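One chain is shown next in structure tokens, namely the form deposited in one PDB entry.
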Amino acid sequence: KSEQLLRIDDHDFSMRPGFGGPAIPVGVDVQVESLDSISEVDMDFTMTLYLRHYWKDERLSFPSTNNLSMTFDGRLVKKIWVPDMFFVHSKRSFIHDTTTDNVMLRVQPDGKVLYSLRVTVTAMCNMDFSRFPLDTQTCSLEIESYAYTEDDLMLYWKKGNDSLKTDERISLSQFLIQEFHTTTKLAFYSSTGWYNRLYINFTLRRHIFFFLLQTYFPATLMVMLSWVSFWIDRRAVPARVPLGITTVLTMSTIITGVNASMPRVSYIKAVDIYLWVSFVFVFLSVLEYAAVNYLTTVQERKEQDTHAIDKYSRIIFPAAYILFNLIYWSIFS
């Protein structure tokens, strides 16, 4: 029997190796396989990865006439001591079990142990949509021991920044992923003490042009169309009102559609400011004509060319819109 080469019954595996002395160093190697999905309403992302652990345990040493290693399946995990890593700030996770448990153990003759497994984890990530759609989001994934403090277990990356590998085909439907790097930081819990924590960081960016076209182009086009009505003669009363009254309806439909398409984030964003300012510029154009029409009628009654209001509007409106655009794109870059 292979398990008889390891003195399983002659050793206690309920305690850590090197009990009562210096901590046992444990190395971790992570390989990212894919990114499944990201949810903006609930602010979470899903990841699939390979997790590996390295440590040395002298109780598992077995004699041999060569350097061949022995491979065991997941059934040996319950009989020996293994590190209990867990993911912080996670919502749910599981280990794949098709067609059997995806757990592997490899033991060297001296006693070096390799522990590999495949896991899928969902983690939280705080997001800020103030600068939508020009926003940049940074998320992270954290790994930490559960029950052992730094006095008993010393956790670290095995090969520095070479311990993180990513698949060549990792991609998202609506985001750009870049800048994968690893950091470490000590965390404190008042109940037990100090712990070591490992981080995996990355950054997300959007496709600016798609939002630019769809949102901003119709708004500017409709504003210019509303401007155009200033060059039509005032005497054609049933030929100037329809343009102004039919620009507002189109703007309202555009706003409703854009609101429907965007994610349900309930606070003011950068896109909302642009759309509601443009709505006022269209609204004021109709108010301008009512004043012109009213003043003309008063003169006719009193007494019985181009009005100066139109001349001033043709210059004032484009300047105001250009100044607003300059300020808006200077603030939001």
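Whichever C-alpha set is largest while still superposing within 1.5 Å between the two forms counts as the rigid core. So that there is no doubt, residue numbering starts at 1 and follows the sequence shown.
There is another form of the same protein, the form deposited in another entry; it is not shown, and what comes next is about it.
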Task: C-alpha displacement of 2 Å or more between the shown form and the other one on the rigid core, among 228, 187, 170, 147 - done: 228
Task: Shift of residue 215 between the shown form and the other one at or above 2 Å (CA, core fit) - done: yes
Open item on the list: For residue 34, does the CA position differ by 2 Å or more between the shown form and the other one when the superposition is done on the rigid core?
Closed with: no
- [ ] Align on the rigid core first; then say whether the Cα of residue 23 has moved by at least 2 Å between the shown form and the other one.
- [x] no
Open item on the list: Since the Cα-Cα distance for residue 172 and residue 266 shifts by 3 angstroms or more in the other entry, is it a contraction (closer) or an expansion (farther)?
Closed with: farther
